[PDB]
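A.B. asks: Please find structure09.tsv (TSV, C-alpha atoms and all ligand atoms) on the next line:
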```tsv
chain	number	residue	atom	x	y	z
K	1	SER	CA	69.45	17.20	163.55
K	2	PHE	CA	72.98	16.09	164.39
K	3	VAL	CA	73.56	13.68	161.44
K	4	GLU	CA	73.52	16.60	158.95
K	5	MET	CA	76.33	18.26	160.87
K	6	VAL	CA	78.77	15.34	161.11
K	7	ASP	CA	81.92	15.87	159.00
K	8	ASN	CA	81.05	19.52	158.22
K	9	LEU	CA	84.64	20.69	158.66
K	10	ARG	CA	87.59	20.61	156.21
K	11	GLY	CA	91.27	21.63	156.26
K	12	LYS	CA	94.90	21.53	155.16
K	13	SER	CA	97.23	20.27	158.00
K	14	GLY	CA	98.40	23.18	160.20
K	15	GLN	CA	96.15	25.78	158.56
K	16	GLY	CA	92.88	25.38	160.40
K	17	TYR	CA	89.43	23.94	160.18
K	18	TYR	CA	86.60	25.74	158.40
K	19	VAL	CA	82.87	25.34	157.94
K	20	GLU	CA	80.75	26.47	154.95
K	21	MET	CA	78.62	29.45	155.93
K	22	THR	CA	76.57	31.88	153.90
K	23	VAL	CA	76.16	35.59	154.41
K	24	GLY	CA	73.65	38.11	153.12
K	25	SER	CA	70.83	38.36	150.60
K	26	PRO	CA	71.05	36.54	148.39
K	27	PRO	CA	73.46	34.23	150.38
K	28	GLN	CA	77.16	34.44	149.60
K	29	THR	CA	79.02	31.20	150.27
K	30	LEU	CA	82.19	31.44	152.32
K	31	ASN	CA	84.62	29.14	154.07
K	32	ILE	CA	85.02	30.30	157.67
K	33	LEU	CA	87.82	29.23	160.04
K	34	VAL	CA	86.42	27.90	163.29
K	35	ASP	CA	88.21	29.63	166.24
K	36	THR	CA	87.77	29.09	170.03
K	37	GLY	CA	90.64	31.44	170.78
K	38	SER	CA	88.88	34.65	169.60
K	39	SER	CA	85.42	36.24	169.39
K	40	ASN	CA	84.94	38.26	166.22
K	41	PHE	CA	83.06	37.08	163.17
K	42	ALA	CA	85.07	38.50	160.27
K	43	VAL	CA	85.25	37.86	156.50
K	44	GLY	CA	87.45	39.06	153.64
K	45	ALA	CA	85.50	41.88	151.91
K	46	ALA	CA	88.18	42.95	149.47
K	47	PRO	CA	90.49	41.39	146.83
K	48	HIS	CA	93.57	39.74	148.29
K	49	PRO	CA	96.03	37.57	146.42
K	50	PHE	CA	95.22	34.64	148.80
K	51	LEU	CA	91.41	34.96	148.56
K	52	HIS	CA	89.50	33.03	145.87
K	53	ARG	CA	86.28	34.62	147.08
K	54	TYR	CA	85.17	37.40	149.40
K	55	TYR	CA	82.19	39.23	150.95
K	56	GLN	CA	80.47	41.77	148.67
K	57	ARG	CA	78.35	43.93	150.96
K	58	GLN	CA	77.05	45.95	148.07
K	59	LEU	CA	75.48	42.78	146.62
K	60	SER	CA	73.51	42.17	149.78
K	61	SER	CA	70.17	43.76	150.51
K	62	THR	CA	70.29	42.92	154.24
K	63	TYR	CA	73.69	44.49	154.97
K	64	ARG	CA	73.53	47.36	157.52
K	65	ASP	CA	76.59	49.52	158.20
K	66	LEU	CA	77.67	50.30	161.77
K	67	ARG	CA	79.93	53.19	160.60
K	68	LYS	CA	82.67	52.00	162.92
K	69	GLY	CA	86.12	50.53	162.36
K	70	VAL	CA	87.93	47.72	164.14
K	71	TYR	CA	91.36	46.27	164.54
K	72	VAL	CA	92.01	42.66	165.70
K	73	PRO	CA	95.44	41.12	166.39
K	74	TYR	CA	96.13	37.35	166.71
K	75	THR	CA	99.09	35.15	167.60
K	76	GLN	CA	99.84	35.12	163.87
K	77	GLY	CA	98.38	37.86	161.77
K	78	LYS	CA	96.17	40.85	162.22
K	79	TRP	CA	93.50	42.65	160.23
K	80	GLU	CA	91.27	45.70	160.31
K	81	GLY	CA	87.95	46.50	158.68
K	82	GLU	CA	84.39	47.80	158.93
K	83	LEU	CA	81.79	46.53	161.32
K	84	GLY	CA	78.35	45.91	159.96
K	85	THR	CA	75.59	43.43	160.57
K	86	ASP	CA	74.06	40.94	158.13
K	87	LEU	CA	71.95	37.73	157.84
K	88	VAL	CA	74.01	34.56	158.38
K	89	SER	CA	73.35	30.85	158.04
K	90	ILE	CA	75.18	27.51	158.27
K	91	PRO	CA	74.26	25.06	155.43
K	92	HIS	CA	75.40	21.94	157.38
K	93	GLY	CA	74.58	23.27	160.79
K	94	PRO	CA	71.31	24.00	162.46
K	95	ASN	CA	68.46	25.05	160.15
K	96	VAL	CA	68.28	28.79	161.02
K	97	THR	CA	69.15	32.36	159.90
K	98	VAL	CA	70.56	34.96	162.35
K	99	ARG	CA	71.36	38.62	162.17
K	100	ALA	CA	74.99	38.80	163.29
K	101	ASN	CA	77.84	41.34	163.58
K	102	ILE	CA	80.30	41.09	160.74
K	103	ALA	CA	83.71	42.62	160.22
K	104	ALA	CA	84.38	43.29	156.58
K	105	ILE	CA	88.17	42.85	156.41
K	106	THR	CA	89.81	45.54	154.23
K	107	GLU	CA	93.47	45.34	155.34
K	108	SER	CA	95.41	42.37	156.73
K	109	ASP	CA	98.99	41.34	157.58
K	110	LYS	CA	100.00	37.62	157.65
K	111	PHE	CA	96.38	36.65	158.32
K	112	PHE	CA	95.22	34.93	155.14
K	113	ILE	CA	97.16	31.77	154.33
K	114	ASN	CA	98.07	30.91	150.77
K	115	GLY	CA	96.11	27.86	149.63
K	116	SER	CA	94.23	27.61	152.93
K	117	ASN	CA	90.83	27.81	151.21
K	118	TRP	CA	89.02	29.61	154.08
K	119	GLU	CA	88.09	33.26	153.66
K	120	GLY	CA	87.02	34.31	157.15
K	121	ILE	CA	87.05	33.62	160.92
K	122	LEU	CA	84.32	32.61	163.32
K	123	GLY	CA	85.43	33.46	166.91
K	124	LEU	CA	83.61	31.18	169.29
K	125	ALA	CA	84.62	32.63	172.61
K	126	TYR	CA	82.97	35.33	174.71
K	127	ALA	CA	82.13	39.01	174.51
K	128	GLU	CA	84.95	40.06	176.89
K	129	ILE	CA	87.75	39.45	174.33
K	130	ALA	CA	85.73	40.76	171.43
K	131	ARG	CA	87.13	43.83	169.62
K	132	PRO	CA	86.62	46.80	169.68
K	133	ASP	CA	84.98	46.06	173.06
K	134	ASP	CA	82.68	43.62	174.83
K	135	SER	CA	79.47	45.25	173.49
K	136	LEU	CA	79.96	43.73	170.04
K	137	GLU	CA	78.01	40.53	170.70
K	138	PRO	CA	79.78	37.45	169.18
K	139	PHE	CA	78.15	35.17	166.61
K	140	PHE	CA	77.42	32.35	169.02
K	141	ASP	CA	75.68	34.64	171.46
K	142	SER	CA	73.43	36.07	168.71
K	143	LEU	CA	72.57	32.55	167.57
K	144	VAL	CA	71.57	31.52	171.09
K	145	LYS	CA	69.63	34.71	171.65
K	146	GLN	CA	67.71	34.66	168.34
K	147	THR	CA	66.83	30.93	168.01
K	148	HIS	CA	66.42	27.83	170.13
K	149	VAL	CA	69.87	26.34	169.55
K	150	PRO	CA	70.98	25.26	173.06
K	151	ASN	CA	73.98	27.04	174.48
K	152	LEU	CA	76.74	24.54	173.69
K	153	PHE	CA	78.76	23.12	170.79
K	154	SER	CA	81.27	20.32	170.17
K	155	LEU	CA	84.40	20.07	168.11
K	156	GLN	CA	85.60	16.80	166.73
K	157	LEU	CA	88.69	17.46	164.66
K	158	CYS	CA	90.47	14.78	162.69
K	159	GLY	CA	93.89	14.48	161.09
K	160	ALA	CA	94.80	13.26	157.57
K	161	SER	CA	92.77	16.10	153.49
K	162	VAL	CA	91.86	17.33	157.03
K	163	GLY	CA	88.22	16.93	158.39
K	164	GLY	CA	85.82	16.80	161.32
K	165	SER	CA	82.57	17.91	162.92
K	166	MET	CA	81.17	20.99	164.58
K	167	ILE	CA	78.04	19.91	166.37
K	168	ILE	CA	76.36	23.19	167.06
K	169	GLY	CA	73.63	22.93	169.71
K	170	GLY	CA	74.56	19.63	171.31
K	171	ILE	CA	76.54	16.41	171.64
K	172	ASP	CA	76.46	13.57	169.12
K	173	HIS	CA	76.96	10.45	171.17
K	174	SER	CA	78.18	8.39	168.20
K	175	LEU	CA	81.32	10.43	167.67
K	176	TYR	CA	83.09	9.44	170.85
K	177	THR	CA	83.60	6.46	173.17
K	178	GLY	CA	83.82	6.07	176.94
K	179	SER	CA	82.71	8.85	179.25
K	180	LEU	CA	83.01	12.60	178.76
K	181	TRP	CA	85.29	14.24	181.43
K	182	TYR	CA	84.69	17.91	182.29
K	183	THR	CA	86.85	20.84	183.41
K	184	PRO	CA	85.58	24.22	184.70
K	185	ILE	CA	85.83	27.16	182.32
K	186	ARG	CA	87.58	29.28	185.00
K	187	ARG	CA	86.27	32.56	183.52
K	188	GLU	CA	84.24	33.48	180.47
K	189	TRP	CA	86.58	35.30	178.20
K	190	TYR	CA	88.85	32.72	176.58
K	191	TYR	CA	87.96	29.12	177.16
K	192	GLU	CA	90.17	29.30	180.23
K	193	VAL	CA	91.13	26.05	181.98
K	194	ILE	CA	93.57	25.03	184.72
K	195	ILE	CA	96.24	22.37	184.18
K	196	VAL	CA	97.29	20.77	187.46
K	197	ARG	CA	99.95	18.15	186.56
K	198	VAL	CA	102.01	17.19	183.50
K	199	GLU	CA	103.52	13.82	182.91
K	200	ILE	CA	105.95	12.67	180.26
K	201	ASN	CA	106.02	8.89	179.71
K	202	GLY	CA	104.55	8.43	183.22
K	203	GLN	CA	106.94	10.93	184.92
K	204	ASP	CA	105.81	14.03	186.70
K	205	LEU	CA	107.62	17.10	185.55
K	206	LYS	CA	108.08	18.17	189.23
K	207	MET	CA	107.28	21.86	188.67
K	208	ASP	CA	104.92	24.04	190.72
K	209	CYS	CA	101.58	24.01	188.87
K	210	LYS	CA	101.36	27.81	188.88
K	211	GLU	CA	103.99	27.41	186.15
K	212	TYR	CA	101.66	25.57	183.72
K	213	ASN	CA	99.13	28.32	183.84
K	214	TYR	CA	101.55	31.22	183.87
K	215	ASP	CA	99.05	33.86	182.87
K	216	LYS	CA	96.14	31.81	181.45
K	217	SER	CA	95.75	28.42	179.86
K	218	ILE	CA	93.21	28.22	177.07
K	219	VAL	CA	91.71	25.86	174.52
K	220	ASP	CA	92.48	27.55	171.18
K	221	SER	CA	91.34	25.61	168.09
K	222	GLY	CA	92.70	28.41	165.83
K	223	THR	CA	96.30	27.67	166.75
K	224	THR	CA	98.17	24.63	165.55
K	225	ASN	CA	100.58	23.90	168.37
K	226	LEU	CA	100.68	22.81	171.99
K	227	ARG	CA	102.28	25.92	173.48
K	228	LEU	CA	103.91	25.73	176.90
K	229	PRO	CA	105.39	28.52	179.06
K	230	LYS	CA	109.22	28.85	178.83
K	231	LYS	CA	110.04	26.99	182.05
K	232	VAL	CA	107.62	24.10	181.19
K	233	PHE	CA	108.55	24.22	177.51
K	234	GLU	CA	112.27	23.78	178.46
K	235	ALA	CA	111.51	20.88	180.84
K	236	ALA	CA	109.30	19.15	178.18
K	237	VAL	CA	111.91	19.30	175.43
K	238	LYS	CA	114.66	18.06	177.74
K	239	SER	CA	112.40	15.02	178.47
K	240	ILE	CA	111.49	14.52	174.83
K	241	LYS	CA	115.13	14.81	173.72
K	242	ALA	CA	116.19	12.21	176.32
K	243	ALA	CA	113.40	9.77	175.44
K	244	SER	CA	114.52	10.00	171.76
K	245	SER	CA	118.36	10.60	172.18
K	246	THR	CA	118.59	7.34	170.21
K	247	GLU	CA	118.20	9.56	167.02
K	248	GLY	CA	116.61	23.59	165.15
K	249	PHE	CA	113.93	20.96	164.67
K	250	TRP	CA	113.15	21.41	168.39
K	251	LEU	CA	112.28	25.03	167.68
K	252	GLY	CA	109.74	24.07	165.01
K	253	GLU	CA	111.63	25.76	162.16
K	254	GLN	CA	112.64	22.64	160.13
K	255	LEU	CA	111.13	19.22	159.23
K	256	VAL	CA	112.50	15.74	159.92
K	257	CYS	CA	112.02	12.89	157.49
K	258	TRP	CA	112.00	9.11	157.41
K	259	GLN	CA	111.61	6.55	154.64
K	260	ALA	CA	107.84	6.01	154.17
K	261	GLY	CA	106.37	3.89	157.01
K	262	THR	CA	109.48	3.65	159.30
K	263	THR	CA	108.67	6.56	161.59
K	264	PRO	CA	110.16	5.51	164.91
K	265	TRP	CA	106.93	6.31	166.77
K	266	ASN	CA	107.99	4.18	169.75
K	267	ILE	CA	110.93	6.49	170.74
K	268	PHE	CA	108.76	9.53	171.27
K	269	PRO	CA	107.01	9.81	174.63
K	270	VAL	CA	103.37	10.31	175.52
K	271	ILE	CA	102.42	13.55	177.25
K	272	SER	CA	99.69	13.60	179.90
K	273	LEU	CA	97.81	16.73	180.80
K	274	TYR	CA	95.82	16.62	184.01
K	275	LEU	CA	92.95	19.09	184.02
K	276	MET	CA	90.98	20.33	187.01
K	277	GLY	CA	87.75	18.33	187.48
K	278	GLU	CA	84.22	19.04	188.67
K	279	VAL	CA	84.53	17.88	192.25
K	280	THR	CA	86.82	18.85	195.12
K	281	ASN	CA	90.41	17.50	194.84
K	282	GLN	CA	89.49	15.75	191.64
K	283	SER	CA	91.16	15.78	188.21
K	284	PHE	CA	91.28	13.73	184.98
K	285	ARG	CA	93.95	13.39	182.25
K	286	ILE	CA	94.24	13.43	178.48
K	287	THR	CA	97.11	11.55	176.99
K	288	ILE	CA	98.59	12.70	173.74
K	289	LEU	CA	100.63	10.51	171.39
K	290	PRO	CA	103.65	11.44	169.24
K	291	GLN	CA	101.31	11.22	166.27
K	292	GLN	CA	99.61	14.36	167.44
K	293	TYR	CA	102.54	16.55	168.37
K	294	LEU	CA	104.58	15.50	165.35
K	295	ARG	CA	102.65	17.15	162.54
K	296	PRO	CA	102.49	15.43	159.12
K	297	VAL	CA	103.95	17.83	156.60
K	298	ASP	CA	109.19	9.98	152.61
K	299	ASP	CA	106.91	10.78	155.58
K	300	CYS	CA	107.86	14.22	157.05
K	301	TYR	CA	107.03	16.04	160.29
K	302	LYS	CA	107.21	19.32	162.14
K	303	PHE	CA	107.62	19.45	165.94
K	304	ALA	CA	104.24	20.85	167.10
K	305	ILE	CA	105.20	21.97	170.61
K	306	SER	CA	106.50	25.54	170.80
K	307	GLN	CA	107.20	28.18	173.46
K	308	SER	CA	104.26	30.26	174.65
K	309	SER	CA	104.05	33.87	175.82
K	310	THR	CA	101.00	33.00	177.90
K	311	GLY	CA	100.15	29.81	179.76
K	312	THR	CA	99.49	26.46	178.22
K	313	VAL	CA	97.66	26.64	174.91
K	314	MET	CA	95.84	23.57	173.67
K	315	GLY	CA	95.77	24.05	169.91
K	316	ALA	CA	94.33	22.12	166.98
K	317	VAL	CA	96.88	19.39	167.52
K	318	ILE	CA	95.82	18.48	171.09
K	319	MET	CA	92.11	18.57	170.08
K	320	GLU	CA	92.67	16.17	167.18
K	321	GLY	CA	91.41	12.71	168.27
K	322	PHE	CA	89.38	14.20	171.11
K	323	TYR	CA	85.72	15.10	171.14
K	324	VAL	CA	85.66	18.47	172.98
K	325	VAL	CA	82.39	19.83	174.40
K	326	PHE	CA	82.05	23.59	174.94
K	327	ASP	CA	79.29	23.46	177.53
K	328	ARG	CA	78.83	27.26	177.90
K	329	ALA	CA	75.45	26.53	179.45
K	330	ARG	CA	77.12	24.87	182.48
K	331	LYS	CA	80.48	26.60	182.26
K	332	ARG	CA	82.52	23.56	181.35
K	333	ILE	CA	84.60	21.95	178.61
K	334	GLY	CA	84.25	18.20	178.03
K	335	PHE	CA	86.85	15.72	176.81
K	336	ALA	CA	86.52	12.22	175.31
K	337	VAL	CA	88.53	10.17	172.79
K	338	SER	CA	86.59	10.39	169.51
K	339	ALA	CA	85.75	7.90	166.81
K	340	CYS	CA	88.50	9.40	164.63
K	341	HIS	CA	91.10	8.70	167.37
K	342	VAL	CA	94.91	8.44	166.98
K	343	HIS	CA	96.30	4.99	165.97
K	344	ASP	CA	99.49	3.54	167.48
K	345	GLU	CA	100.69	-0.01	167.46
K	346	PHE	CA	101.12	-0.30	171.26
K	347	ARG	CA	99.58	2.76	173.00
K	348	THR	CA	96.24	4.66	172.96
K	349	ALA	CA	95.36	8.30	173.43
K	350	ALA	CA	92.97	8.30	176.42
K	351	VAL	CA	90.80	10.40	178.76
K	352	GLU	CA	91.09	8.76	182.13
K	353	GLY	CA	89.65	9.75	185.51
K	354	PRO	CA	89.11	10.13	188.35
K	355	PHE	CA	92.35	11.29	189.84
K	356	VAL	CA	92.83	12.95	193.20
K	357	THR	CA	94.87	16.22	193.31
K	358	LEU	CA	95.34	18.46	196.36
K	359	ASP	CA	95.53	22.24	196.31
K	360	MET	CA	94.33	22.68	192.74
K	361	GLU	CA	93.32	26.23	193.55
K	362	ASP	CA	97.01	27.10	193.95
K	363	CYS	CA	97.62	26.47	190.23
K	364	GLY	CA	95.53	29.45	189.12
K	365	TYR	CA	97.36	32.69	188.30
K	401	LIG	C1	98.87	39.04	169.45
K	401	LIG	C2	97.78	38.49	170.35
K	401	LIG	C3	98.35	37.52	171.39
K	401	LIG	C4	97.02	39.64	171.00
K	401	LIG	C5	95.76	39.16	171.69
K	401	LIG	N1	94.89	38.63	170.63
K	401	LIG	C6	94.08	37.60	170.92
K	401	LIG	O1	94.06	37.08	172.02
K	401	LIG	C7	93.20	37.04	169.83
K	401	LIG	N2	93.15	35.60	169.97
K	401	LIG	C8	94.17	34.90	169.67
K	401	LIG	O2	95.22	35.35	169.22
K	401	LIG	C9	94.09	33.41	169.81
K	401	LIG	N3	95.16	32.84	169.04
K	401	LIG	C10	94.09	32.88	171.24
K	401	LIG	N4	94.95	33.63	172.15
K	401	LIG	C11	96.27	33.57	172.27
K	401	LIG	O3	97.00	32.89	171.58
K	401	LIG	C12	96.91	34.42	173.27
K	401	LIG	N5	96.27	35.23	174.14
K	401	LIG	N6	97.24	35.85	174.93
K	401	LIG	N7	98.41	35.42	174.53
K	401	LIG	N8	98.23	34.50	173.47
K	401	LIG	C13	91.78	37.58	169.96
K	401	LIG	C14	91.17	37.38	171.35
K	401	LIG	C15	91.78	39.06	169.55
K	401	LIG	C16	95.10	40.30	172.36
K	401	LIG	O4	94.11	40.79	171.83
K	401	LIG	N9	95.63	40.71	173.51
K	401	LIG	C17	95.20	41.86	174.33
K	401	LIG	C18	96.41	42.81	174.32
K	401	LIG	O5	97.37	42.22	175.18
K	401	LIG	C19	96.11	44.21	174.85
K	401	LIG	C20	97.20	45.29	174.71
K	401	LIG	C21	96.70	46.57	175.37
K	401	LIG	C22	97.60	47.42	176.07
K	401	LIG	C23	97.14	48.59	176.69
K	401	LIG	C24	95.77	48.94	176.64
K	401	LIG	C25	94.87	48.11	175.96
K	401	LIG	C26	95.34	46.94	175.33
K	401	LIG	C27	97.08	42.94	172.99
K	401	LIG	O6	96.51	43.44	172.05
K	401	LIG	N10	98.33	42.50	172.93
K	401	LIG	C28	99.13	42.59	171.85
K	401	LIG	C29	100.42	42.06	171.96
K	401	LIG	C30	101.31	42.03	170.89
K	401	LIG	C31	100.89	42.56	169.65
K	401	LIG	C32	99.59	43.09	169.53
K	401	LIG	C33	99.17	43.68	168.21
K	401	LIG	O7	98.16	44.45	168.18
K	401	LIG	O8	99.85	43.40	167.19
K	401	LIG	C34	98.70	43.12	170.63
```
Could you render the structure as structure tokens?

C.D. replies:
Amino acid sequence: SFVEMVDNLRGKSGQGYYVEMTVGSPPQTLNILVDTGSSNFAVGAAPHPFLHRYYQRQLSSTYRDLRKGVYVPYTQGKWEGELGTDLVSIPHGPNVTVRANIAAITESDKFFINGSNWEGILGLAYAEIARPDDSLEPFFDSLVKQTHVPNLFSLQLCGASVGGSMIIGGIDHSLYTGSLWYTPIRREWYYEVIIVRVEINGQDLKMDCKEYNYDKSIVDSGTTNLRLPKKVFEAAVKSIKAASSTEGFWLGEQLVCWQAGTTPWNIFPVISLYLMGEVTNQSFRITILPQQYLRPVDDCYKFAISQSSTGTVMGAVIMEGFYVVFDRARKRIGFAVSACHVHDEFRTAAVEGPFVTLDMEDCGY
């Protein structure tokens, strides 16, 4: 039941959230990064200087080889390895065992992070973006096909040492407040959504909404940042600079620092994303505070908004403080402020609707 799954995720800031899983017979225990921006279940299966532990296929009696290699590239990092299948379970998830596809990772470049403490990646999106091709059924599909776990999951990620919940199979009503607001998954590959308006401190950014979605906007819990397309990224920074003109960093390369507890939170604006809703001409908005897009790294911070080579990418930083529901069953993603919400002296992060927005169809690429 859901109480066993609450707080089943861990992290280091800016390095991802993982969940304990076990693979094989007998079970090998591994920490697996939870990723909504990809679709391959893969694990280190070979010594690496950043891996404390890895998958030993030859120790497992249920491992079957598929005699077939694979390569997977990501925003940061890439790996290749051998596809097989094996028995998989989630200790603090639903009480089941599935046979799932598994990529034994043999070579990697910039993929494993030093001191990250995860040793694998669970892609939670759809077959279509699965390597080598869409016939390699992704973990979540196998789980839904082979057991009675309903076709949906929720992510509640929290910031500082980093924790949260993956409610697999449902929604835990105690982990958020107010109502859940939904947005169509435009297409079942990435968790693709449409952003229809963007406001900075209450001011519309005045751009054509095709710009926000230049290519595709996605919810990617495997990336840290809020990534905006060039044109939008440039407008955002110009607004954020102006709102904070009162005080290199803007490119995310270097930290800024303040004497413990005097972070001038008030001089940094709130950003509002309006997402397409479930009814005609209707949207809703999520409001993000400086405390989300200035990443805790004296209290020090990295700027967590960077330039994108796709559309708008809602990374780990935007999801922090929200309860997000991946309602695959009904082709929608749900947003609410969670229990572990962001704390500011004079403002709240919020999920507010309904809003009316004409011509939302125009914003799609
Ligand atoms: C580097 C990354 C953005 C590549 C991209 N990878 C992914 O999307 C992976 N997911 C992720 O990386 C996630 N962080 C979420 N997605 C994004 O951030 C994002 N998607 N698009 N832009 N950004 C998985 C879904 C595998 C991909 O597979 N893209 C598809 C493709 O464009 C196809 C290219 C191709 C050309 C001709 C025939 C067939 C395919 C791609 O490989 N692109 C691509 C671009 C640059 C480098 C590399 C590389 O291998 O190093 C690959």

A.B. asks: Nearest to ligand LIG 401 (chain K) among K:363, K:289, K:219, K:297, with distances taken over only C-alpha atoms and all ligand atoms: which residue is it?

C.D. replies: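 Of all the options, K:219 lies closest to ligand LIG 401 (chain K).
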
A.B. asks: Please indicate the distance in Å from atom CA of residue K:150 to atom CA of residue K:123, rounded to one decimal place.

C.D. replies: 17.7 Å

A.B. asks: Residues at most 7 Å from stretch 246-253 of chain K, counting only C-alpha atoms, excluding those fewer than 6 positions away in the same chain, as an MDAnalysis selection string?

C.D. replies: chainID K and resid 302:304 306

A.B. asks: Find the distance between atom CA of residue K:359 and atom CA of residue K:231 and write it in Å to one decimal.

C.D. replies: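 Atom CA of residue K:231 lies at a distance of 20.9 Å from atom CA of residue K:359.
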
A.B. asks: Residues at most 8 Å from ligand LIG 401 (chain K), using all atoms listed in the file? Could they come as a PyMOL selection string?

C.D. replies: chain K and resi 35-40+71-78+129-131+190+216+218+220+222-223+308-311+313

A.B. asks: Taking all atoms of stretch 146-165 of chain K that appear in the file, build a box with edges along x, y and z, extend it by 6 Å on every side, and state its centre and edge lengths in Å to one decimal, as lines of an AutoDock Vina configuration file.

C.D. replies:
```
center_x = 80.6
center_y = 24.0
center_z = 164.0
size_x = 40.4
size_y = 33.4
size_z = 33.0
```

A.B. asks: Excluding same-chain residues fewer than 3 positions from residue K:58, what lies within 12 Å of it counting all atoms listed in the file, as JSON, numbers by chain?

C.D. replies: {"K": [24, 25, 26, 28, 45, 46, 54, 55, 61, 62, 63, 64, 65, 84, 86, 104]}

A.B. asks: Of the candidates K:153, K:258, K:50, K:181, which shows the shortest atom-to-atom distance to residue K:113, using all atoms listed in the file?

C.D. replies: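 Ranked by minimum distance to residue K:113, first place goes to K:50.
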
A.B. asks: So how far away is atom CA of residue K:110 from atom CA of residue K:322, in Å?

C.D. replies: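 A separation of 29.0 Å between them.
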
A.B. asks: With distances taken over only C-alpha atoms, which of K:196, K:324, K:339, K:226 is nearest to residue K:294?

C.D. replies: K:226

A.B. asks: Just the residues within 9 Å of residue K:221, please, counting all atoms listed in the file, with nothing from its chain fewer than 4 positions along; format it as a list in words.

C.D. replies: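 Contacts, with the query itself left out: residues 16, 17, 34, 35, 36, 37, 155, 314, 315, 316, 317, 318 and 319 of chain K.
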
A.B. asks: Using C-alpha atoms, can you export the residues from the last selection as a PDB file, in the frame of the given file?

C.D. replies:
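The result, written out as result.pdb:
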```pdb
ATOM      1  CA  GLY K  16      92.880  25.380 160.400  1.00  0.00           C
ATOM      2  CA  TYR K  17      89.430  23.940 160.180  1.00  0.00           C
ATOM      3  CA  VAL K  34      86.420  27.900 163.290  1.00  0.00           C
ATOM      4  CA  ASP K  35      88.210  29.630 166.240  1.00  0.00           C
ATOM      5  CA  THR K  36      87.770  29.090 170.030  1.00  0.00           C
ATOM      6  CA  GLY K  37      90.640  31.440 170.780  1.00  0.00           C
ATOM      7  CA  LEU K 155      84.400  20.070 168.110  1.00  0.00           C
ATOM      8  CA  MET K 314      95.840  23.570 173.670  1.00  0.00           C
ATOM      9  CA  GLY K 315      95.770  24.050 169.910  1.00  0.00           C
ATOM     10  CA  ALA K 316      94.330  22.120 166.980  1.00  0.00           C
ATOM     11  CA  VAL K 317      96.880  19.390 167.520  1.00  0.00           C
ATOM     12  CA  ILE K 318      95.820  18.480 171.090  1.00  0.00           C
ATOM     13  CA  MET K 319      92.110  18.570 170.080  1.00  0.00           C
TER      14      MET K 319
END
```

A.B. asks: Compare K:334, K:353, K:44, K:115 by their minimum atom-to-atom distance to residue K:82, counting all atoms listed in the file, and give me the closest one.

C.D. replies: K:44

A.B. asks: Please provide as a short mmCIF file (atom, residue, chain, number, x, y, z; two decimals) with C-alpha atoms, keeping the file's coordinate frame all residues within 10 Å of residue K:207, with the sequence filter that same-chain residues fewer than 4 positions apart are discarded (counting all atoms listed in the file).

C.D. replies:
```
data_model
loop_
_atom_site.label_atom_id
_atom_site.label_comp_id
_atom_site.auth_asym_id
_atom_site.auth_seq_id
_atom_site.Cartn_x
_atom_site.Cartn_y
_atom_site.Cartn_z
CA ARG K 197 99.95 18.15 186.56
CA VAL K 198 102.01 17.19 183.50
CA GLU K 211 103.99 27.41 186.15
CA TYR K 212 101.66 25.57 183.72
CA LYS K 231 110.04 26.99 182.05
CA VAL K 232 107.62 24.10 181.19
CA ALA K 235 111.51 20.88 180.84
#
```
